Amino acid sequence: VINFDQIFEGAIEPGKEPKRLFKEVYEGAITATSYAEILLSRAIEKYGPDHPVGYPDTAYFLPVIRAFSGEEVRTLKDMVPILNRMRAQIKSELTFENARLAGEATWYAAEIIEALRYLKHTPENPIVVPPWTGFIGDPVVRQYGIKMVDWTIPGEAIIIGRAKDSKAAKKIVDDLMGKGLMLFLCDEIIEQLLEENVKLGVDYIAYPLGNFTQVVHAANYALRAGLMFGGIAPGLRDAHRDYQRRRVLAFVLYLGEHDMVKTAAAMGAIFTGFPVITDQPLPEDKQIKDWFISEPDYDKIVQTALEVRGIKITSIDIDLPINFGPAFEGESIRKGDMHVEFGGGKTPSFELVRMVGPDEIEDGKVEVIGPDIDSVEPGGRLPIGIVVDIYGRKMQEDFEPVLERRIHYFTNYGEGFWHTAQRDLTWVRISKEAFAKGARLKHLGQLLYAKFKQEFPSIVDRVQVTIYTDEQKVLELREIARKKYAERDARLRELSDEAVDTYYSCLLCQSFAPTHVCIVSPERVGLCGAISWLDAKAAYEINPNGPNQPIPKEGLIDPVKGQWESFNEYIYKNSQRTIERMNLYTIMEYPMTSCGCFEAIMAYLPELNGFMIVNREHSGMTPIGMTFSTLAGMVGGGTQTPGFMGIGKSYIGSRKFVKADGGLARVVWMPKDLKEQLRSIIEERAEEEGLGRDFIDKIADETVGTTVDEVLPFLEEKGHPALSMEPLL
């Protein structure tokens, strides 16, 4: 029902087909299929029809075939019918559809030729040697293709052929790897880059697959994503094509002299929705308007690819003493190696983002008031304050908090920087090697300016940074930052589910939980715990086309359970028609689904007439007879699970917390540490609900027991209200 081919309509005017390209693709597809046929015939003559065939370290047989038509190739005989079908779909009528079919058949033939090549592979005598990868194993696909489909990797570049010269290859490839794109390299371009001393490999997500049919090892890798994270069934061809077009932002760079087989493989990439850009000049009758295009100028080539693919690159190269990269963010200056820590010892510290007018401040201002880092011996400590001023043609005060949390990430983006927490509690810290390598505060303010200009092109125009280090001035501005925090917290305090007419979807976790849809409301945070209603609203207003969308409350169904037709229909359209109803205020009937990053899991226990809760960090056994990870396997994945629900921790303190199930009064068990961490909001909420300030003492924890038999006598002795409430069954 997908009708994927819609996407190609209008690429070609009627009667104006690029017939030379289609003739080349047809000859190349017949050639590749003939190669595969005769090679399979000789393999069967040599080993027998029932001989095993396959790739190392994969659960998906021949993944391209397994996805597009579903066969689980395991022996040579299995390939025989497939090739027949492929030959039948290579048709001589010179249409764009027949060209796409011929490209699909070329992918099938290359996949078969590669598996036949692996007939001689053993771990003791590999056919793959460094630096080439050949077929890439499933574990690499898990680890990096999850980032490929959530778009933390901006895109993928499939480069076949050669660049005009080795330095031009190094130029475009250093450009692409510096913009973070994953690279699949096939043929002589590998040797070009290697003589230019470019590092390459799986650790750099630059895979030198090999030559000729090895290009298919990009395709199967891509298609395994759809088999693996998308959950699409084997043989659902158009569903896999749509998933590739939608999630895998890949394109082909077809460099060097054309040959018919490479062109047929590029047409197969077009068949699954990947545009091809070539450096060769093309006549009009050998090109397609948005799919097979010439960009001879190398200075532009990369740009054109991204523009045709819809990729939007954030990154910008910048002149810094210190190398900047995300991978450092796990670094820590443990107490043996602390250099110049700020904050947390009651040493003053603060951070703030603030909107401003246009003509009272200038772009690029970067000031470091007071002492720099030069003023201390190792092991020292100074007070620090920050100001990041922003003007934008579209900027709003609403965006200010959403940017502040980013400075956290920004500061850990380079070596020797370490920031945890936020606002007045900004535990800023510096490493000794960084001030050994000569980095100072001015470069860090430049780093914040550069990242703010990179990540928000639509909204920020004229931004500047000013740091302060005086112990007295830092407090003078800490007070004003407190005033800003206070007006923001007051605006947050105003919000209730009833005070707003619109909730916000979150689809961010469909990268690994395709049927899951979050609905964020003012009194129910996203179950990851990191997306509030204000956050999803600002993310939509910044990026209207993004994964957070407004949903008006329309079509009321259940006033008490919290069901509306608008939320039902949005979830149904975005859950692949698997979820039809959702109740906001209960877990016992049509609960919201979960992905898998939930901070805690609730479960109803009829034996205790109430809810247990267990946070992700708790590793002990729970009264339901399972630990958190066992329950997580059953509660996540976008499936509706009445009696169970994933939640953020702060939701436990919401006034709306499972209000139709009895709310906080219904909670009978949670881990002791989670109870202590939430003790204040639990005490407040139980007080205003009439349960008493002491209600938290009635909640059982693991020190009372881990089974219902141990827990019930405690609940009876304490008079826990849930025992007098209606059973929820």
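All residue numbers are counted from 1 along the displayed sequence.
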ask   = Which is higher in the entry, the mean Cα B factor of 540 to 548 or that of 498 to 506?
value = 540 to 548
request  = Could you check the entry and say whether 576 to 584 or 167 to 175 has the higher mean CA B-factor?
outcome  = 167 to 175
ask   = With respect to the C-alpha temperature factors reported in the PDB entry, which of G210, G392, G231, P154 ranks highest?
value = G392
ask   = Looking at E589, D78, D489, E523, which has the biggest Cα B factor in the entry?
value = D489
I407 CA temperature factor, ranked by third within the chain = highest
note = Binned into thirds over the chain's modelled residues, the C-alpha B-factor of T133 lands in the middle
query = Mind checking which third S349 falls in for C-alpha B-factor across the chain?
reply = highest
message = Looking at the temperature factor on the CA atom of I12, which third of the chain's modelled residues does it land in?
response = highest
inquiry  = What third of the chain does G336 rank in for C-alpha temperature factor, lowest, middle or highest?
reply    = highest
